[PDB]
Ligand SMILES: Cc1cc2nc3c(=O)[nH]c(=O)nc-3n(C[C@H](O)[C@H](O)[C@H](O)COP(=O)(O)OP(=O)(O)OC[C@H]3O[C@@H](n4cnc5c(N)ncnc54)[C@H](O)[C@@H]3O)c2cc1C
Ligand SMILES: NC(=O)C1=CN([C@@H]2O[C@H](COP(=O)(O)OP(=O)(O)OC[C@H]3O[C@@H](n4cnc5c(N)ncnc54)[C@H](O)[C@@H]3O)[C@@H](O)[C@H]2O)C=CC1
Ligand SMILES: O=c1[nH]c(=O)c2[nH]c(=O)[nH]c2[nH]1
Ligand code: FES
Ligand code: FES
Ligand SMILES: [Ca+2]
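Protein chains in written order, with the entry's author numbering: chain A, 1024 to 1072; chain B, 3 to 164, 192 to 1315; chain C, 586 to 634; chain D, 1122 to 1169.
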């Protein structure tokens, strides 16, 4: 988004295994920005099929 | 008893605790969840809430069916009736023929008005299975549509009466045996005697009286008890005037109040008789009785003709209109003029009075004692030698408040033309219905002649004097109308005396005077829609260029389409009500919420203090979320009340007491000029040498023009639901907005959370028209704050009055022009200074001025030209985008001075326009080259198809042969630049998924507001992917599927999103290529599954930016626009020189839409845009107090085009063979360009007025003033004559 | 840790929301010879089986 | 403000997988996880 914040989603679902945590860590390294600027809200078939 | 029992769509409703304040609309939507019936105004004007009522009528002994406004019907009035809503007649699984035909005929665009219109048509068919064309049109007098331009609704429904856009051969027939049963229980209950009912609510007690004894007993014991019959007055008093009547009695069941008795002197109607019954009784009598007996009946009928619509007349009582005693009552002047007999009763007393001046002794008061009720009114037969006329002139013919309304009666001494009796009665000339008691006695025994004419006119002008500050305004026009009405009466009586063989006594009427006395006559509609067939070789599955109906049309006709407020409420959901400033400019000195806190269900009052992060909002960060320290307009949002229900939120918002200290206010454009109060610097475009140009010119003309603003009147008002997620500041908002990105950004900034936390979702809007491009956020931010604070979902849908006040409209414009031209009509120099009224924030105002300046040339090449613009900063609600975005204002000015060029030169206007028109390859004043210039083609086709030259002949003939009616005819071209004036906004995105069943889910940044954008994008995607449209779906628009989207605005959304959709589809095709090569003829589903099991991605983004844009004001170089739209309209009008009313006789439009993506939608957009322009230039007018408070807050006072407003002959052609290679599949944008073409009606009116001034003017000013809108007031006042001079 | 994390049943109900209960076999392998819902239909709030 | 898209999909498939039971060939797995655990217990012989 234009404020520089990142909304990420992927096909994986969070069930306690810290999958979203790991994906934010991955995205933060890939993009070279702090994890605080990246958010994952949910998993949905209408964002990733 | 006290249980309320009725039926809804055949299902029994038992309501054990009915509240008298609960309307049928609220009950249906909120208690029963049936959201097909809509809220559009809450005041009887729009018909969006139209439902059908069926009951066994005990008086007529039969099942009856009639339509009502659900928004005004108390449920307590509905004991033992059967309600039918849109859901009750059919659905998408089995559509009613009414529903099928409106959908397939392209009669539903945004869809918000569709259920109400469906219900009006359905009710007509239940009463008359084979109606006439006239009866069909009459069904919709109380229904408004802002999108369609009405044409397709009437044309589709014409199939019920008595390539192509649709095929009536394919419509299934009506089988009336398949309609819902009248609930058998109700037929069983009709044998049981009616009993008195008592309903007790939160604040009101309702007594449903079963007998006259019960009613009179109750009014004796409690004279305070408020009678309610139709509730079409009391409903408005309660909702809008904040009046509370704690005790109500409904006498509607009482036989004596519903009786019709024929006597020797007339017909007596019980006071509770609906106006619809009066109409049908009097119609029967007029048809069967001698003409000489029915003069009064026909006068009543003439008034009822323009009295509301079917829904109001179904329930509105004759007694209700009498006792309300509004000075602008349409029936009271007629009842007074005819001396109608009124019977009044109380317990023990009975008296009879003749309505005269004594009956109305003061404002909204009658002769009645507090314990008395009106029992009946006898409407009299007329006598031999007795003649009657009734008149009404409002702002719009249909469903409007009279400016002047009148009943006039004359009785002649037998065998003579000598006056025995004369009565001239008026509404809208005092604080009550008045008789001209000083004028009329002077005429007794006089002969009906020119001397009586002048004597009465002199008397009326003296007796019915208006102070310049009289309530109602328009004092010159009103005075002129009283005289003009009598003149019409005088000439009509001359004719009636002639027919009584007294023509040698009173003389013949001059044949050129005859048309002055004609009662309004409609003349049957004729429509032609022309477009281009797709190539013969084109696949039948390729829908691009085909007239595919709006994808949601069936669901919209069935009321299954979901708009924001139709979404079910969460169990824990709260309601919000905005609290707004009642002062234009003042300090807030204190806020007292003491009373608000006492309202049951009150949660909190939010102010600037409650904002977590930033109170600075708006496009240019110059707006407050909530007012701090000062208010800067009437409507300025100070805070927001949160409560459990919308009723309690409203009540609590009234308990928020604000104290103000006034500060100097700047209201008008002149105020701002005087105070140097502007948004930024002057904007300027200049080319050539102005000093040289003016010196070389044979002629120079200077003038000023004012152009009034415009309220959007999208049928669905602003609405937001905000759902807080309780984690990480996450929030989801469902919003009626064209701008998801700004909604998201503004909410996030206010809350102090990143954009990634906030999701904005838009399924569809019930219209936007620019009004929801930015101004929707003032509701969204307030609701988001409430949700954040409470942790509960919160919802707000604005009432029409709130929405019209707060959200602003089109920019009013003031122009000062100077034009230099040759005696040939060639324009050589032009200087125009534009001023706009921007209101209290910047918003889009400067871009709007840029567009106005970009279009000050309209279609004309002008070598030496200078345009400036200045945006006024004022203490009014902020004005914003409206379809056209400054273009229509700039172009009206161009056409205004152009009309004056042609008159000054003494040359035919069309010739002057044509010779000044650009040619292919010319540069505009802003130095953009005009390529693919199709305007001359549109012009030549329109000139020929409209038969402009032969009709000019006929117009001139008409004007020589008629003194008091005049015709006018004008042909107007247009050029409209396509692209956002802000270059980077010309971008769009899409996201596409293919699921493993082969079905495709598509989304893009554009929002659906009735313009058929999703339909177009599905058509695009289907051609791109080479699969049928049936396999592709668009569900919604959301910020978490496509980010950073431009607003759905600038007509550009199909262009931008279409390219994005195309690119996303090409990416998918690229991936499927190897699978297509392996299995060349194998189905789409095989390729998809093969790709999936080969682990190939079936998801893609698409993106487009418009190339090579960017104009510089500094250097006057660079292209602001990707391409231009072109069109031409020829319109003819006929004006009534005595009243200011006019008929739109014929309009022919030729429009360049390139190779249309969908000609059905495109013709619909042409028609819709044209009719909004028709409103802007001739009908729609906003009125403010001197202190800057908007008076015009609902359809009662703000008059948008009606079914009856549209051109009688309405022809639209899409230009053939004009592909536009630079936009998606050779199409052109269509949304805004046709709107200005309605100026053809404005200039046709100006033509007609010129003719009228030549007829009766005494050396009248040649270049007379006609500001926009050209309303009946402005038209009549400009027709200078012996009446305007008196 | 704070109970603010939202799991499926923590989502607020809509005002018009209904509840479902599965009806399951009490037999390992059998023909269904009949189903009688007469007693179910007497329960307040029953919508359908 | 230069109108560059700020949205992107991403996708991955694990390469070179596919075992056949008929030929006993091809790799079903991308790699293997490995680990070792040492545990000590004390049972009550009289109770379990
Ligand atoms: C959309 C719309 C369009 C309209 N257009 C017009 C128009 O063109 N011309 C015009 O003149 N009006 C117009 N009106 C006003 C209104 O419809 C009429 O005045 C109508 O006749 C009121 O009747 P009702 O039964 O609905 O009155 P109610 O609201 O039920 O009552 C009105 C008043 O009359 C009193 N009353 C009713 N019956 C009796 C009785 N028998 N004895 C003593 N008092 C009684 C009530 O106490 C109350 O004060 C319009 C209103 C709407 C909403
Ligand atoms: N809702 C609708 O669409 C329509 C409603 N009706 C009527 O319109 C009414 C509107 O009510 P209000 O706004 O309260 O208007 P109102 O009942 O106060 O009447 C206003 C009009 O009365 C006249 N008037 C009042 N005082 C005057 C004075 N001192 N001198 C000269 N003229 C004076 C003026 O013509 C003014 O426009 C409704 O109650 C209803 O009966 C009629 C047509 C349409
Ligand atoms: O150039 C435009 N910019 C806009 O933001 C806008 N909005 C609109 O309705 N028309 C336009 N035109
Ligand atoms: S909502 Fe009832 S008429 Fe507009
Ligand atoms: S379609 Fe009639 S209001 Fe939108
Ligand atoms: Ca503004």
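For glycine and all other residues, C-beta sits at the position ideal for the given N, C-alpha and C.
Helix, strand or coil for residue i? Go by DSSP, reduced to three states.
i: residue 330/B; result: helix
i: residue 239/B; result: coil
i: residue 1288/B; result: coil
i: residue 592/C; result: coil
i: residue 1306/B; result: helix
i: residue 1311/B; result: helix
i: residue 845/B; result: strand
i: residue 290/B; result: strand
i: residue 943/B; result: helix
i: residue 713/B; result: strand
i: residue 703/B; result: helix
How far does the beta strand (DSSP E) with residue i in it reach, from first residue to last?
i: residue 732/B; result: 728-736
i: residue 422/B; result: 415-422
i: residue 925/B; result: Unbroken run through residue 925/B is the alpha helix (DSSP H), 916-934; no beta strand (DSSP E).
i: residue 834/B; result: Per DSSP, residue 834/B belongs to no beta strand (DSSP E); it is in the alpha helix (DSSP H), 829-835.
Are residue i and residue j close, meaning C-beta to C-beta below 8 angstroms?
i: residue 79/B; j: residue 279/B; result: yes
i: residue 495/B; j: residue 508/B; result: yes
i: residue 632/B; j: residue 462/B; result: no
i: residue 1063/B; j: residue 1031/B; result: yes
i: residue 1016/B; j: residue 1148/B; result: no
i: residue 1003/B; j: residue 1262/B; result: yes
i: residue 11/B; j: residue 89/B; result: yes
i: residue 844/B; j: residue 816/B; result: no
i: residue 1314/B; j: residue 1270/B; result: no
Below 8 angstroms on the Cβ atoms is my guess for residue i versus residue j; work out the distance and round it to an integer in Å.
i: residue 829/B; j: residue 812/B; result: Not confirmed; about 18 angstroms, so no contact.
i: residue 694/B; j: residue 857/B; result: Incorrect: roughly 43 angstroms between the Cβ atoms, too far for contact.
i: residue 1252/B; j: residue 1001/B; result: In fact, because the Cβ distance is near 25 angstroms, the residues do not count as touching under 8 angstroms.
i: residue 215/B; j: residue 84/B; result: 6 angstroms
i: residue 1267/B; j: residue 1202/B; result: 3 angstroms
i: residue 1047/B; j: residue 1058/B; result: 5 angstroms
i: residue 744/B; j: residue 50/B; result: 6 angstroms
i: residue 1008/B; j: residue 1079/B; result: 7 angstroms
i: residue 339/B; j: residue 122/B; result: 6 angstroms
Determine whether the Cβ of residue i lies closer than 8 angstroms to any Cβ atom of chain G.
i: residue 1144/D; result: Absence of chain G from the displayed structure is noted, the protein chains being A, B, C and D.
At which residues does the alpha helix (DSSP H) containing residue i begin and terminate?
i: residue 1082/B; result: 1082-1107
i: residue 456/B; result: Unbroken run through residue 456/B is the beta strand (DSSP E), 448-456; no alpha helix (DSSP H).
contact_flag[the stretch 593-609 of chain B, the stretch 657-673 of chain B] where n(CB pairs < 8 angstroms) is 3 or more
yes
On the three-pair Cβ rule with 8 angstroms, is the stretch 1154-1169 of chain B touching the stretch 991-998 of chain B?
yes
Does the structure place the stretch 639-656 of chain B close enough to the stretch 583-601 of chain B that three or more beta carbon pairs sit under 8 angstroms?
no
Check whether the stretch 301-309 of chain B touches the stretch 346-358 of chain B, counting contact only when three or more Cβ pairs, one atom from each stretch, lie closer than 8 angstroms.
yes
For the stretch 898-910 of chain B against the stretch 861-878 of chain B, are there 3 or more C-beta pairs whose distance is under 8 angstroms?
yes
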